[PDB]
Amino acid sequence: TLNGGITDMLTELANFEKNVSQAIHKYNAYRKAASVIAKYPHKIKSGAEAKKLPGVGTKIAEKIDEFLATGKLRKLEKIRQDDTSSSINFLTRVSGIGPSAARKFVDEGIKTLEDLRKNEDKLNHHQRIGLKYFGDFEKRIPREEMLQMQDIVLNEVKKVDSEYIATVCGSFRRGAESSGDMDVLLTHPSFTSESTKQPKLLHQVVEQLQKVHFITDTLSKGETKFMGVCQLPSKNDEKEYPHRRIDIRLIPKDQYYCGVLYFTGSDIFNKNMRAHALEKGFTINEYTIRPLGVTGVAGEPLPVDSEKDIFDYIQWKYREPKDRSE
DNA sequence: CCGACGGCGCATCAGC
DNA sequence: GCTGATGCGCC
DNA sequence: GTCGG
Ligand SMILES: [Mg+2]
Ligand SMILES: [Mg+2]
């Protein structure tokens, strides 16, 4: 982290644009810039040097010069002093409260953790559970605990049906020493792009995990995506583990490679890779890679039998998961 | 100078 | 009820 | 906010 001060500044600017300004492209621009700077292997000496990087432009170059000169950004200093901005940025830290909800709450005079805790009846289900585990959800998960969680998930799935395959993706699959949460990609031969020969495939799995008291809460749930809360069991006399966020995504089995590419991320890696596919004349989602026809309409799914095939199509050398942490 | 910026699941809501 | 838009979330 | 045509 040669440029930790700069990348934090940019991240804070990104969060402002997203949470307060509701300017999603400025949000993305700041995160692309932070990410390119984060991987740059030199300690940056000026804005000019930073501007050479793709994603850093004139405005960010200027902020970088101010930051190196003084150790801070007046623009951010003012934002931090603004009560409305501060309040909105705080509320959005609760899962389920976005930029619109936060600003709505602030209008109502709901703007602190205390306010929220006395107005539960004003939150939807997702928001109520996000509030419930607010502190827990900001803790990271040591890899060792991720390993225990993996063992539990993989073994409980196996107990439901030996044909399920569950893969932990996200920062875990990228080899991180700690994860923000647990991402599980699920496949079963009965669910392909061609047919759903068996209903309740995701449900059965979620139920078993609830049955054994691993999944403790649900934020949302459909046929292919579960978003919830889980907890490791604690030993006799031991403080409980924090509650953790868990996302489970059921992907057609024949589409596993596109699925696992998606769920491995990072998010920024994904946006960069997908943007590059476009530039090369393809479109990538978690199911397929397709050609763009002359019109601008996606064609039929190209054959894919490895993650690498996807990289090949867009003329990128393969990158192991450990190298996709953008 | 601008059009485009990654792609999609679930929950909620307006309008019919 | 549905469809389509929007909010929020996943990477 | 930045990039590419
Ligand atoms: Mg994760
Ligand atoms: Mg997740």
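Per chain, numbering begins at 1; letters A, B, ... match sequence-line order. Atoms considered below: every heavy atom in the structure, side chains included; atoms not considered: hydrogens, waters and symmetry mates.
Evaluation of the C1'-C2'-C3'-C4' torsion of C:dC11 gives a positive value and hence a north sugar.
Residue contacts for A:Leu278: at a heavy-atom cut-off of 4.0 Å it reaches the sugar-phosphate backbone alone, with no base atom in range. Counting any heavy atom pair closer than 4.0 Å across all strands shown, A:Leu53 reaches sugar-phosphate atoms only and no base atom. A:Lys271 comes within contact range of at least one nucleobase, with a heavy-atom separation under 4.0 Å. Within the 4.0 angstrom heavy-atom criterion, only backbone atoms of the sugar-phosphate kind lie near A:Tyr30; the bases stay farther away. Using a 4.0 Å heavy-atom criterion, one finds that A:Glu279 contacts no nucleic acid atom at all. Backbone-only engagement by A:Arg245 is indicated by non-hydrogen atom pairs under 4.0 Å involving sugar-phosphate atoms exclusively.
Counting heavy atoms of neighbouring residues, nucleotides and ligands inside a 6.0 Å radius, atom CZ of A:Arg117 does not exceed 12 of them.
Of the two residues contacting DNA chain B, namely A:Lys225 and A:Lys32, the nearest-nucleotide position lying further toward the 5' end is that of A:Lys32. Residue-to-nucleotide proximity on DNA chain B shows that, of A:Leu202 and A:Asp267, the 5′-proximal contact is made by A:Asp267.
A:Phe226 has its CZ atom 19 Å from the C1' atom of B:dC8, to the nearest Å. Between the CG atom of A:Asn270 and the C1' atom of B:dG6 there is a distance of 8 Å, rounded to whole Å. Taking atom CG of residue A:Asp181 and atom P of nucleotide C:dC10, one finds them 7 Å apart after rounding to whole Å. For the pair A:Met273 CE and B:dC5 P, the computed distance is 17 Å after rounding to whole Å.
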Check the pair A:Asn89, A:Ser86 against side-chain hydrogen bond (donor to acceptor under 3.5 Å, both in side chains), reporting the backbone distance first and the verdict last.
CA-CA 5 Å; A:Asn89 261 324; A:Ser86 287; over 6 Å; no
Derivation and outcome, side-chain hydrogen bond (donor to acceptor under 3.5 Å, both in side chains), residues A:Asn155 and A:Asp151:
CA-CA 6 Å; A:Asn155 277 290; A:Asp151 179 69; 2.9 Å; yes
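For A:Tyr262 against B:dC8, a side-chain-to-base donor-acceptor contact under 3.5 Å is absent.
Between the side chains of A:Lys159 and A:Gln208, no donor-acceptor pair of N or O atoms lies under 3.5 Å. Between the side chains of A:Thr11 and A:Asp8, no donor N or O sits under 3.5 Å from an acceptor N or O.
The listed nucleotides are C:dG9, B:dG6, B:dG9; the one nearest the side chain of A:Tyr287 is B:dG9.
In this pair, A:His126 does not lay its aromatic ring on the base of C:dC8; centres under 5.5 Å and planes under 30 degrees do not both hold.
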